[PDB]
Structures are given as C-alpha cells and as structure tokens.
Amino acid sequence: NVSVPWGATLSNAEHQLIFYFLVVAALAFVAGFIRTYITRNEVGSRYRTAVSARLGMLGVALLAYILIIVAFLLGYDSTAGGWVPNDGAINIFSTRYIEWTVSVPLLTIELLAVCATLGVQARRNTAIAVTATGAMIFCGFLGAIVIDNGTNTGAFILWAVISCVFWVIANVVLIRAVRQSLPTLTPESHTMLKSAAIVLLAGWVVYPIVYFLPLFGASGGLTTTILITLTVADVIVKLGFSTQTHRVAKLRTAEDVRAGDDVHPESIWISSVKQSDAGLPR
Amino acid sequence: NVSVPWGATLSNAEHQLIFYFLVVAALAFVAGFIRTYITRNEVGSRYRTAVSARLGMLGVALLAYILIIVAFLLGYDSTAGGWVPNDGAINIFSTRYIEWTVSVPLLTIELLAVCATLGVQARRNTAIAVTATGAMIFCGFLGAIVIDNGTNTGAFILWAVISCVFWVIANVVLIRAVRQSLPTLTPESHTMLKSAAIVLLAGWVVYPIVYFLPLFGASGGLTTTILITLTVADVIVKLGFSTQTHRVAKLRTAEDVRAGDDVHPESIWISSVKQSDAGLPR
Amino acid sequence: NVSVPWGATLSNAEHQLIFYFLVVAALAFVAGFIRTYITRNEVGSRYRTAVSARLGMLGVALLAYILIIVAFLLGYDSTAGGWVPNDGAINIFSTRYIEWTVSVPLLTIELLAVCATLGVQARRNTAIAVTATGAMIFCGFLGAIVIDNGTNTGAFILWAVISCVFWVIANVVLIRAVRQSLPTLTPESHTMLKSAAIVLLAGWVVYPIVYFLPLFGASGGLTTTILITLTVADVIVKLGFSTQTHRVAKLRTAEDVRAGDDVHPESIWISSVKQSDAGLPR
Amino acid sequence: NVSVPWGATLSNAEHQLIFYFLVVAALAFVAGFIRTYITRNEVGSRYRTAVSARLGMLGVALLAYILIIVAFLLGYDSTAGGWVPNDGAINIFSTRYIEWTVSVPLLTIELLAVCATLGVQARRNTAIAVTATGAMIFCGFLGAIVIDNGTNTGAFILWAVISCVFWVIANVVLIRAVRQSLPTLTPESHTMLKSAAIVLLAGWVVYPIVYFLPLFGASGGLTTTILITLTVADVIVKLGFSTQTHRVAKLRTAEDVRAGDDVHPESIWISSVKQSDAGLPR
Amino acid sequence: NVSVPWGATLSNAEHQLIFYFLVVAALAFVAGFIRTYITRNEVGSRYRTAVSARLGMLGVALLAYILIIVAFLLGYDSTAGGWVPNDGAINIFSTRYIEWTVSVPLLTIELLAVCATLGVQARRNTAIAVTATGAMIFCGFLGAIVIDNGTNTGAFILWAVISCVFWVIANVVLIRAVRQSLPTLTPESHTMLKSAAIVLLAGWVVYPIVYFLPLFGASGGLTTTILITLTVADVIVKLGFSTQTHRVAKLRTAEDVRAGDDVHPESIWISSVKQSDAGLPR
Ligand SMILES: *C\C=C(C)/C=C/C=C(C)/C=C/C1=C(C)CCCC1(C)C
Ligand SMILES: *C\C=C(C)/C=C/C=C(C)/C=C/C1=C(C)CCCC1(C)C
Ligand SMILES: *C\C=C(C)/C=C/C=C(C)/C=C/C1=C(C)CCCC1(C)C
Ligand SMILES: *C\C=C(C)/C=C/C=C(C)/C=C/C1=C(C)CCCC1(C)C
Ligand SMILES: *C\C=C(C)/C=C/C=C(C)/C=C/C1=C(C)CCCC1(C)C
C-alpha cells in the first residue's frame, strides 16, 4: 500500500538533517541566481532566451525553497517522540510538485533555446515540451497528493504511469531537437550541446524513483531519504547544470563573433581560454 | 439566486488543487517578470512603453498573487469536514478584482503602445481605455463583493451589465486603434499586430463567464472551478501573451534600424531569424 | 467639535471598499516605480535629479502604502456590528502624514529640478520649499493626531492655519521659480513646464479640504470617504503626475542634443514624435 | 544616577511622535538609497569607493531603521497609563548603537575616499579610522546598555570617556588627511573638500550630548526627546550630508576629464553648471 | 565530555552582546554586498567568476545571518534567571554550519578563479576543493549537531577528525594551485596572489578551535564567547577579505589591458594608482 511520507514522526537527527539540506538548497540557489544574473551579458542577444529561462528557473527554485522551509517549520512539533507531523506536513511534499511545475518547463525552454531549430518546428517543439512536462508534473501531484490524500495505491500508480507517458513525449521531442541541431553545428559546439543534453536529461530518472519510495514503507528515515534525495537532485540539476547551457550559448555567441555574423562588447572566455575578442558594431 | 463562492467548504483535494494553482501562478509570474526584465533592451526607446507596461503588469500580478495566497492560507480551517471558510475567504475573491484593476489598464497601455497613433488621438485612446477598463473592473467588484456582501442577485446582475458596457467601450477604442494602425505598417508588422490584438482581446470573455458561475449554485467543486479557472486565465493572458507585444515592438524596432531611422546597440532576433544588425549612433 | 475618523465602525461594504482602494494604490505605485526605473535613462545627466526625486517618491509611496495596509488589517475587528476600530486604527491616519512628510518635499525637489535656476537662488529655493512643505505636513499631524489625540478642535484648527502658511510659502517659492524659468526656455519647453507646474500644484487643495471633514461629524461613511479620497488623490498626484516632469526633462534633454550642447545615447521620443537622435560623444 | 530611557511610560502624544520620526527616517533613507543608486555613475572609477561607502551606509541605515521600528512596535503596550515599556524596549536603544557601528566607519571610508592620499598612509588612515570609530561606538554600547543593564553610573561615564578618546583619534586621523589633501587640490576642489569635512565631522557632537541625557532624569518626555533627536541627527548626517562627498567626487572626476587624465561617458553637472563633457576612450 | 553550547542560560549582558554582534554582522554583510555589486565591472570578463563567487558568498552570508538572528530571537526566553534556552536554540548553532556549507566552497571557487590554471587541472581543482570543503562542513555538523544531539563526545571528536582530513585535502589542492600560478604571473601579480591566498587560508584555523570549546565546559560566558568569536571570524573572512581577490582580479585585468590582450571600458585604479586606461574594442 502507499504509506504517505508526511505521516511519519521524525527523530531529532532526522529533523535536523532535513532543515540543513532544505536551507543549504535555498542558499545555493541564491548564489546561483546571483551568478546567473552577473553573467547574463556573456551571451549574445540571439541566445538570451537560454539565459532568461535559467535565471527564471533559479528564481523560482529560490522562492519555492523558501516556502518549503516555511512549510517544514510549520509542519512538525517536538513532542518527546521526536517531531510529529501536523496536517500541514503534506505541504512540504506539495510545494515541491509546485516548484517542478514551473521549473521543469523552464528547463525545456532553456535546452531548446540552444538548439538549431527555426520557425514552426521550433514553436511546435517548445509547445509540446512545455506541455508534456507540466502535464508530467501534474499527473504526479494527482497520484501522490490529491486523490485520496495520497493514499490510493491504484491512483498513485496509474497517475505515475500517465506521468511517464508525458515524460517519454518530452524526451523524444527534446532528444530529436538536439539531434537535428548537431549536423549544423561546429565540432566544438556539436560536442558541447550533446553533452549538455545528456547532463540535462539523464538525472530526470531520479525523480520517478523517489516517487515510488512511499510503496516500500513508512519510517522517518524513509521520509528523510525522500526529502533529502529530492533536495540534492534539485541542487544538482538546477544549480549544478545551470552552466551547461550557458557554456553552449557562450561558445555559440563566440562563433558568430568569429564568423563576423555578430559583435560582442566584451571578450568571451570559456575554461580560461579566450573564445572571441570584444568588438564594436561597425 | 447568488450563492457566494466563499461560502463553500472545500474538500482536501479541492483545497490542495487551489493552493497548487495559486502558487504555480505566483511562480510563473516571477519567471515572467525575470524574462521581461532581462529582455527590456531588445526594444527601441520608441516602444519602451510597451515594455514598461508589461513589466509593470507582471510585477503587479506577482504581488497580487502573493496576497491571494496569504488570503487563502488565512481564510479556511481544516475541520474534519474539509476546509471551512472563515470571514476572510471573501478576500480571496476580492484581491483578484484588485489585481485586475491595475493589470487590465496596463494591458490596454501596452497594446496601444505598439499601435501607430499620434497626438490627441493617442492621448484620447489611452484615456478612454484606461478609464473604461478600470471602471469595468470596479463595477464587477461592486456587484460581486460590495453590495449586500455579494448576495444581491439584482445588484450582481445589473453591475455586470454596466461592467459590460465599459467592456464594449474599451474594445471599440482598442479595436479601432489597431485598425487605424494596420494601413501604415509593413505586411510583416501589420500581421503581427493584428494577431497580437486578437490574442490580447479574445480571452477577455472568460472573465465575464466565470463571474456568472456563482448563479448556478454553491459547492466546493464550483468554488474550486472558479478559483482555478481564473488562475489559469490570468497565467495565459498575463504570462502567455506577455511576448506578443514584445515581438511586435522588436519587429518595429528592427524595421526602424533597417530603414536608417534608428540604431540599436545589439542585433535583434525574432524566431531565431536576425531582424536587424547592431549599430552605433553615426 | 472634531470627531476623529478612527472612532467609527465600518460596514462590510465600507471595509471592503477601503481595502480595495488601499491595495489598488499600492499596486499602482509598484507599476509606477517599475516604469520610472525602466525609463530613467531617457533623461540627460543634467536633469537626473528630476528622475531620482520621482523614483524616490514612488518608492516611498509604495512602502508607506504597505504600512497603511498593515495598519488597516490590524486596526479593525469584525464584530457583527461591522468592523470596530481598535486602538491602532489611528495609525491608518498617521501613516499617511508620515508618507506626505517625505513625498511632498520630493515633489518640490522634482519640480525645481526642471526649472532654470542657478547657484544661490536654486539652493535657497530648494531649502525653503523642502522646509516649508515638511513643516506643512507636520503641523497637520500635530492638529489631527498628536495634540489631545486629535480631539482638540482649537488645536485642530490652529495647526491647520499654521500649516496653511507653510503652504503659501511653498507655493510662492515654487511659482516664482517656474516663472523665472519660462523667459529662458523655448516655446515648447516654456509651455510644458507651465503646464507641469499647474498640474503639480493645483491638486494640493484636495488635502486641506479632506483634513477638515472630521468637523462635519463622525460616520463610517465619512470615515470611508476620507480614506478613499486621500487614496485617489495620492494616486493621481504621485502616479498620474509622475510623467509631467519626465516629459519636461526629456524635452529639455532633447533640446540640448539638438543644440549640440550634449549627446544622448538613444533617440528621444515624446508623444510618438522623435525629439532627438542618438549620438556618441565626439 | 543613570535613569535608563527605556524605563519610562510614554504618553499617547509621545508614542505617536516617536513612531512618526522613526518611520519618516526609514522612508527618507529609502529615498536616499534610490538617489544614490541612480546617480552612482556620475563619479569616475577613481572615486567609486566614495559612492559605495555612501550607498552602503544608506542601505544599512534603512535596514537598521526597520528593526528599530519593529522593536518599537514590540516594546510598549497601551495600558490606559499611556504606553508602558516591556523588556524589549531596551532594543529600541540597542539597535541604534548597532547601526552606528557599521555606519560611522562607512562615513570615515567615504571621506577618506575623496582625499589625496596614497599607499601606506592611505591604508594606515583607513585602518585607524575604521577601528577608532567602531571602538567608539562599542564603548558607548558598553556603558549604556551592557554593563549593569545601563544602570551603573560609573560604568556609564567611564565608558563614555574611553569612547571620547577613540573619537579624538578618529578626528585627528581624518582632519590630518583632509589637510594633507588640500595642498594638492584645485581651489574649487580644495574648498569643496574642506567644507565637506566640516559638515561631515561637526554634527558628531550631538551624539555624545544625547548620550548623557539619561543623567538629568527619567521621563517619557526625556525619553522622547532622546529618540527623536537621535533620529533627526541620523537623517541630517546620513541623508543630509550624503551629497557632500558626491559633489566632491564629481568635481574631481570632472577635473580629470578636463585635464585629459580620464574620460567619462556622460557630461557632469554640479549646481546646474556643466563641469565636464561626455567623451569616449580614445 | 561535550556540553552543548545551547544548553546554557544567558545573562542580560550576554544576551545583549550576542544580538549586537549578530546584527552588526548582518549589516556589515549588506554593506559588503552593495560594495561588491557596485564594483563588479572593475574586473574583466576573464575573471568575472571571482566577482560572482564573492557576491554570492556575501548574499549567502546576509541571508544566513538573518536566519541566525531569527533563531536567536526565537530561542531564548527572559525568565528572571537571564535568558533560558528553549528548544530552537540549537538552530542558532545549526544555521552557521548551514551558511558555511555554501560559503566556504564559494571561497574556494573565488580563489581558484584568480589562479593561472587551464583545462582539466582547473576542473579537477574546482571539483576536489568544492567537495572537500562541503564535506568538511558536513562532518562538523554531524559531530556537533546531528549525532546524539551533539552530546556524544566520541562522535564529536571523530567527526572533527574526518573533517580535518577534508580540510587538509582542500588546502593542498588550493595551495598547489596558487603555487603553480605564481611562476607565470608578473612580480606585482605574483605577490598579490600569494598574499591573498595566505589571508584567505590562514584564518580557517579559528573555526576548528572554536569547534572544540564545548569540551572545556558549559557556561553562558563560554556560549557567548563561541557565538561572538564565530561572528567576528565570519566578518573578517567574508567581508574583510572580500577585496583581496578583487584587487588580484583588477590587477590582472589591467595587465591584460596594458599588454593589448584586452580592453576595458573604464580606467582601473588600485590603491589610488592608475593601473590601466579606458579603451574601446578596436
Ligand atoms: C527540478 C528539476 C527536475 C528535472 C525535476 C523533475 C521531475 C520529474 C522528471 C518528474 C517525473 C515523474 C514521473 C515521470 C513519474 C512519477 C511522477 C513524477 C512527477 C515524479
Ligand atoms: C488579468 C487580465 C484580464 C484581461 C482580466 C480581465 C477581466 C475582465 C475582462 C472582466 C470583465 C467583467 C465584465 C465585462 C462583466 C462582469 C464583471 C467582470 C469584471 C468580470
Ligand atoms: C502625496 C502628495 C501630496 C501633494 C500631499 C499633500 C498634502 C498637503 C498639500 C497638505 C496640506 C495641509 C494643509 C495646507 C492644511 C491642513 C493640513 C494639511 C497637512 C492637510
Ligand atoms: C549615524 C552617524 C553618526 C555620525 C553617529 C555618531 C555617533 C557618535 C559620534 C558617537 C559618539 C560617542 C561618544 C564620543 C561618547 C559617548 C558614546 C557615544 C557612542 C555616543
Ligand atoms: C565562513 C568562512 C569560513 C572560512 C568558515 C570555515 C570553516 C571551517 C574552516 C571549518 C572547519 C572544521 C574543521 C576542520 C574541524 C572541526 C569541524 C569544522 C567544521 C569546524
């Protein structure tokens, strides 16, 4: 059966670890937001979407993680028997689905931004991906939170299945876009995009796995394993992979500048190598 | 007869779904605000008003949606019989009228900003539209919230009628402005404006319809349908259509640059096609 | 006698209307703040003071209106007999005097910024105006709030009289500055300043009138009329007239650019007419 | 004996006046912060420290004054016998010492920034001044707040004496720096610095005087006089004198530009006279 | 044996001093954040990482210190017997470990940013350092907070030992990077980096020492000594040493500009000496 994670009483260790990771995440996102803002003009206007998506995703994550922290502080009470969940502990689990609903479509927008697609294909791509990913999150939220208060095993499973269909649709769309890109890019750029895609699409699998952990039992330790693992995953994907597309966009900006297709006000540096020189509109 | 939406007790599913959409909206607006800010200089000084209106509308929406979220958390209490409305549940419904009062006039300002009107006509247009739209919202607020606490069917209806007159005035003004524009623009620009207008003016109809749903009865289902539908509509219109005028303004900037009427510091890209090159004041 | 406004019990309609206007104001100011910030570089460095004053005034208004909203939510308690003022309701009335104390001197700074005055006269002007206006607000605050808790009719009147002397001093100073300007400006600029002054100085009269309403009796109606009217006045003067000086400053920037006295990085547009072209320091 | 200021019960007038000045200060600082930010690029990179110090000081003041306002609202309760101090009223007095601890060293940094000192002397100057001033504040905090809860007359006095030694050290350092500057500046610049120093160093005396007013007795009148006087002093020194160094820095920037030692992207204006023209790096 | 710091009752002096330092820190960080932001463009794009890391670290510190202040206000209750720790007092100690978890890896990123390393070595360096330092903090958090609620002496010690291994790894990595840099830099730059490294790595020792103070007993004195000393250390290292790398980055920018390897829009000043002139992309 499904044993909802927010039913469990947390040990002190457990409650302490959760607060640590939750706040470390929020602070890492603040740092990431600052970095992304300070470096927004390393990218040409042609790829500004990549930058905006990413800065958006980091802002969203930062706010969502503030809510999660509030929900956590207002969701358990120390009672000699550790910390006992109140009726707002479900909101620690809900807010995360909230956050993914915005953030994951932003990720698709970012990745498509640095691909080589034009016109209808590019608008079709962005429509299907943003749709399929928000649907994928919402189906999850249905199974895990909304129907029967999380407790209906058949709902819980069936909605995860539906969710997995939207997950395959999103991937196919993205994977195809990245692989219609690669023929038109330069070796260095081809490589960079291929690698960014993989990094950006591979760690999605974590989420579905964590989703099904409520099936193996209910414990404060299982709850801590769920909340922590999701927090780490979010930091790795949103923060850790926040520079993959930035490097792609920078190396693309620089190639345009070297081809005389554009100019850029400052030199561009990637891995401490100069990619392009500063130049003025001539 | 009118059954006010804030009278109904919400199931857990219902209360969970509402919080989801409300917060997803707030987070989508934060993302939108960041995008609009990061891309404010893609537009020439001639059309900066379009940008400011839009960035204003997104900032307003973001704050309004924070209030709505507060009002929601402070408006229902879990009581075994789901969530029971308290005396601040009306403020969940009131805050939205508040938000439209600023946001809808901002929308009119934005659309007129990218039209081809000069002098008195342009000042008359903006005066009538900003007036007619704020009046339209306020009449709504009267019928639905203020008179008799929402419960007077004849008020509720009569004020919606008055509201619909201000709605026709606004449309006529706007529609005429857009159609005095189109003769002077270029094919590509003509098309773009025509389409932006339609997108921007068509989904207004949703609001009046939702307004009259408190007449079909009272339920937490119905209450939930109301709050969600309004949230989706807001996201579609404020966020979804936040780029229509931006593209119009960009393509207008670029045409000036190509005509030698202006210069722009960076190249302009629309749908991954280069519209204009960067240039310096010569 | 004086019947203090914060003594009255508010109907539900009344309490609803007040919250509407108060929050609509705050949101309008957020929009205004964003506009003013986004357009700060339409003005040359010579007139940057106008811009800073205005952006300051809008920031102040936005914060003050947040306080007023708090004070309102924490100042009346629903009790079957509508909303009954607690002992913090006075703070709804006090915060507004607070706000004017900063905002009105900012207005004088803004208007003098776009006048044609040099050296001692300009420093004397700004000193007398900023003094006379802050004094004018403080005398008001004395009569209405501080002495006898607002209830002393002779105080209430006598301090309003004193306040009116500082009001005449401020006007004389300002009016003379604007009329020593006009001889040195261009027709187009002369006209623009004259008009901005009138708009900026005419709606001051509202405030003194509203000030003496507590003398015609006490009612929640009267209390509501007071709070709303002040809110509308603030929006009209701070937001509505936030572009008068901006246009003046823009047309002055542009005239310098056309005379070859300065350069400006971007073209300047006023009412959809181009005033000056972009240019580089030569 | 010392009668601590936070022991006194405040009349309604008194409590009203205090809240007025405290919030007027916070709002004035917001305005000042906005001005300083909007005008940060009127100064060359050579004197950017002056700007950063000042913008820092205004940000600090704004936050400190928000705390003081909180502390005030949470420090007295209306009890028929006016407002009666709780055991957090001391924090109204403590927060101010907190604020000076950052702000006064920032002031020294700002003033030294616009002086003509190089190498060791400049690093020695900044070290002694920042040290002596933070020490001066902390000694004050000891005598007034920490030892014996403020109530030890001999502590109170002895720590103020120590504090006055650090005050003389700071002045000597600063005064000497300003007077080793003046021989190397231009008449116009010499004059400007001399005047800025005097303005910046003269109103320090207020603070020590107010410090000893708890020795003349205890009253809500006296308590009110203390809190208001400190608030006015802060506004005069932090806000009122926030442009003295800015003018100094601007006139220094402009002189470099006129000497061909630097360039500046925009013209520089001081008192409505043009000081330097815009120019590009040649 | 370990006597947890959050067990002790604080005298009034003690509670007053702690609040002072905690808030002085937060305010110093706000000032630092403003400085770093205002001066972000003194550094070339090649070394922007240094700037972003530092601005990130200061933003993180500012938020962390706000939490610590909250935790403090909500962690002790005045009970005639001074201030008595409640059960959130542990969170005053926990939040600091939280803060170091982000901030210390940011410090390593900053220092490596201004070193002369390319390709794999630079990516290996940053990976090991960011890992080793976050591990070092987390091991600390285990021993001090999580296991046995802080009270297990053998845990407390053993985890500090493990922590010290990660501390040696981090240092070796960093020290080697800085000393593979120095052969390729200029005298002036070599010197500057060597000095920045020492300053940046030397005051790490404080933290481990303070960590083992809970072993010398329990007291409010000892508790106070701990919290203050950590606060001062943080201010010295995060704020005090926030300019070391900035100077390094500036002098490196300037050397590139003098070599004709880059251009920089503004002149660069270090210690009131001009390092490079402004220039345009040629
Ligand atoms: C914050 C960033 C990311 C990439 C979060 C991703 C979330 C998913 C990939 C969720 C997928 C789900 C599936 C496919 C099936 C079970 C329900 C889930 C929503 C967890
Ligand atoms: C937030 C964006 C938009 C466009 C909101 C629009 C609101 C309306 C178009 C409201 C119209 C009304 C009418 C015409 C009649 C009933 C009362 C309403 C206020 C709902
Ligand atoms: C927020 C903007 C404005 C211009 C507010 C203005 C306030 C006044 C002009 C107040 C004037 C007063 C007078 C002359 C006499 C009675 C007391 C008052 C303060 C209301
Ligand atoms: C916020 C700005 C300023 C300049 C505040 C200044 C504070 C002082 C100059 C304080 C001086 C003190 C002395 C010399 C002796 C008594 C203790 C004091 C801290 C009040
Ligand atoms: C906020 C800035 C800094 C540099 C903080 C540094 C923290 C450490 C160097 C901590 C080291 C530890 C060790 C090596 C052993 C005991 C556990 C500690 C985490 C305190």
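Scope of the values below: all heavy atoms of this structure, side chains included, with no hydrogens, waters or symmetry mates. Proteins come first, then strands; the chains are lettered A, B, ... in the order of their sequence lines, and each starts at number 1. Counting starts at 1 for both ligands and their atoms, in listed order.
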Which heavy atom in [X] sits nearest to a heavy atom in [Y], and how many Å separate them?
X	Y	result
D:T231	D:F21	CG2-O, 3.5 Å
B:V206	B:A233	CG1-CB, 4.2 Å
B:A155	B:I147	CB-CG2, 3.6 Å

Validation row, ring centre D:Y207 to ring centre D:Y97 under 6.0 Å: no
Ring centers of D:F141, E:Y20 separated by less than 6.0 Å: yes
Who's the nearest protein heavy-atom neighbour of [atom], and how far?
atom	result
atom 4 (C) of ligand 4	D:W204 NE1, 3.3 Å
atom 13 (C) of ligand 4	D:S163 OG, 3.5 Å
atom 16 (C) of ligand 4	D:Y211 CG, 3.7 Å
atom 19 (C) of ligand 4	D:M136 O, 3.6 Å
atom 14 (C) of ligand 1	A:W167 CE3, 3.6 Å
atom 8 (C) of ligand 4	D:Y207 CB, 3.6 Å

Ligand 4 versus D:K238: contacting region, heavy-atom distance under 4.0 Å: side chain
Close-contact set for ligand 1 against A:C164 heavy atoms, below 4.0 Å: 14 (C), 15 (C)
Those atoms of ligand 1 less than 4.0 Å from some heavy atom in A:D234: 1 (C)
Atom indices of ligand 2 within 4.0 angstrom of B:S103 heavy atoms, with elements: 1 (C)
Residue pair D:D234 / D:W100, side-chain heavy-atom distance below 4.5 Å: yes
Reference residue B:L174; test side chain to side chain contact (heavy atoms under 4.5 Å, CB included); the match among B:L107, B:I169, B:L112: B:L112
Whether D:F29 and D:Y65 hold their rings parallel, tilted or perpendicular, with breakpoints at 30° and 60°: tilted
Nearest-option assignment for atom 3 (C) of ligand 1, heavy atoms, candidates A:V206, A:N171, A:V210, A:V104: A:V104
Ligand-side contact atoms (ligand 4) for residue partner D:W100, heavy atom cut-off under 4.0 Å: 1 (C)
